[PDB]
Structure formats: structure tokens, C-alpha cells
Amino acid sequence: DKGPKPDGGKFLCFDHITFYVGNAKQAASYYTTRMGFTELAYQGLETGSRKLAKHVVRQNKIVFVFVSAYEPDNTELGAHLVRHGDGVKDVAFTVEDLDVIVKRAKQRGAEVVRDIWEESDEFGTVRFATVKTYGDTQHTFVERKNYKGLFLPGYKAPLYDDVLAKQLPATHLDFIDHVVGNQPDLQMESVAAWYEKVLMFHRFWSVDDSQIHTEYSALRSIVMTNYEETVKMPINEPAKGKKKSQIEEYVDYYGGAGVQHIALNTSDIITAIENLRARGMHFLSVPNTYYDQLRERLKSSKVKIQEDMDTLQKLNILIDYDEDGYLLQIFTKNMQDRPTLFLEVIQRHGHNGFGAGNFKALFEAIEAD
């Protein structure tokens, strides 16, 4: 049951994620060097953009945009930087029928950041609109059709190459699996209802939604998704559990709601993590007891793990499974000093969950250890 079918309009996929950061040039360099992206496009003084510098980096279909202000006392960007640290500002969706989505969103009460506008260059035209979501986060809808340019109109090829990024081993991340937003206490349901009402998303039901793990996760979660379930937006709030809630820590250190992690889907997670580790990236410490009590729990299970299990243990890759399939997942250390944003790499084998079984599994290994 996906609820009522929206009468026109479609959210095709994640278009890109825009970050507001203190130093967009060094941030782009962090994600190309550490996380396997390559700089794709630029806007700045050199291109006529005199207020904002924008570095676009890409890995297959994953596009991150890093933005910093050129001028002192830019009040909007500055306040966001002082409040949150480096973080996600805009989760952008590629859309069909922008007019229908925007008209509906406006009728249903969305706060409009910028009404429908368009930008053009030699390679075609793209239309946009931007509304607010939780915290300081916004959604830009991008009606890009089959735009043939570099990324978006007005963006130019990077000023310089990067021989270091070019020589480093490829990390094989393909697309954005899901983007997770942490909310303050008691806000999960109202934020989920915003997606249902304003965008006509519906709640996505997975194997995770059928077995509660509140005691070990210290959170509540609802996953909201569009009608075709191509875009997945988990919404968390803090909950009482055995240990301090990570969601409450996020809200305290981020200064309110925001994106806690972005999960990046791969079809070869062993090569991904080997090559990310070669790039100096670090991931959560996983005690070896986790892997003893998984080979044994899998003894009473019929699912067949295709990846070499000793290599999974060596790389500290996690596994969650039911009887019909499984997923592999691993979490980076934080992208900044604040205990706020991190990244996830995930590979799916006939399993639509998000790893909730690992809340209990990891918690007990760390505790026993």
C-alpha cells in the first residue's frame, strides 16, 4: 500500500546534495581525495559568480556541491556555518512536471525559498524551485529533462586538473541510496507528515519496521519515500535506550535538525572499502566478537553470503540479513570534528532494509568488549 497515487509530478532520483561549508575548495579536495569523487564543475569569481564559490564533485551518479561565501559577513551562509559547522544545506531531487509538484507543495503549505525559475546556456534549459524542509535544510526540485551540459547551466569545467585524485584507486560508489535526517525530540512524526502531505511521499515499510530495536538504537525512525520508491528519506528522533542516544548528540552539536548521513550504494563493497582505506578514510571500530556471533547465527540461516567473509571481517564491513537476502554496510568516521555528519557505503543483495539488526549486534560486541 503506497497510498494515493499523485496526480502528476514525479521525483525521479536524487539530483545532487549541496553542502554549506567554511572552505569549499578544501572540502571538494577532501571528498575527491578521501572518498573517490572527481571535481566536475565550478562557479566562482572566474565565471562571474561574485558572491558564492561552488565546487561540484561527482562519483558515477553521486553529485555533491560545496558552497562558500566570497565576501565578509554573508549573513545567511555565515549563520548556517556558525550554527552547524560544515553540513548539508540542500537535498535536491530530479523531477518531472515541476509545475505540478510546486503548485501542490505551495497549496499544501510548503515554505517557498525560491519560486520557479530557469537558467539557460548553449546546452539547453533547466527549471528549478526550492522549498524548506526540516531545520535549515531545503529541497530544490530540478527539472533537468535531458540537459546536455556539464552539470547545470552556468557551471564551467574545473580551472585545474588534480593529478593526485587521478592516480588514486577508484572506489566504485554508484548512487545515493538514502539520506537520513535527525530531528529533535518529538518531531519525527510531524516531519514525516510533512513529506506525506506536501510532497505526497508515503511511509516505506521494510524488514526493519517489523522488529523494534529501541533499546539498542536509542531512536525512532520512519522512512518516507516517493510513490515509485526511487528516493528514500529516513527521519529519526531520539528515544530512550540502554545508552545515550546518538540522535540527541547530533541535535546538540548540530544546533537543530539536519542530515546525519548520506548512504552511497556500491556493487563491490570489498573493493570500495579497500580503496577507501587506501585513501586514508577510517570507519567504525568493529570488535571481532561481532564476526564470531554472525557466522554462528548464520548457521541456523539459509541465506548464502556471496562475499568472502574473512575479508568482510578484516575490513570491518557489517552484515544484516533475513531469510530472503542481506545487505552489506559500513560507516565512515565523521566528515568533521563535530559529532554530526558521516557517510555510509551499502550494498544490497535482495534486501530493502537499512541494517537495524546491527543495532543490537554491534551494541553487544562493544559492551562485551
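One-based numbering along the sequence shown.
| query | Averaging C-alpha B-factors over each stretch, which comes out higher, 318-326 or 35-43? | reply | Mean CA B-factor is higher for 318-326.
| message | If you take the mean CA temperature factor per stretch, which one wins between 216-224 and 255-263? | response | For C-alpha atoms only, the mean B-factor is higher in 216-224.
| From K25, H16, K360, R348, pick the one with the largest CA B-factor in the entry? | The C-alpha B-factor peaks, among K25, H16, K360, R348, at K360.
| message | Using only the C-alpha B-factors in the record, can you name which of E196, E237, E118, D90 has the highest? | response | Answer for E196, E237, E118, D90: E118, with the highest C-alpha B-factor.
| message | Can you tell me whether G135 has a C-alpha B-factor in the lowest, middle or highest third compared with the other modelled residues of the same chain? | response | As the PDB entry reports it, the C-alpha B-factor of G135 lands in the middle third of its chain.
| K54 - which third its CA temperature factor falls in, relative to the rest of the chain | CA B-factor rank for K54: lowest third.
| What third of its chain, lowest, middle or highest, does the C-alpha temperature factor of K156 fall into? | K156: CA B-factor falls in the middle third of its chain.
| said: Looking at the temperature factor on the CA atom of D99, which third of the chain's modelled residues does it land in? | reply: Its C-alpha B-factor, which the entry lists for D99, ranks in the highest third among residues of this chain.
| query | Going by the entry, which third of its chain does the Cα temperature factor of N182 land in? | reply | It belongs to the lowest third of the chain when residues are ordered by C-alpha B-factor.
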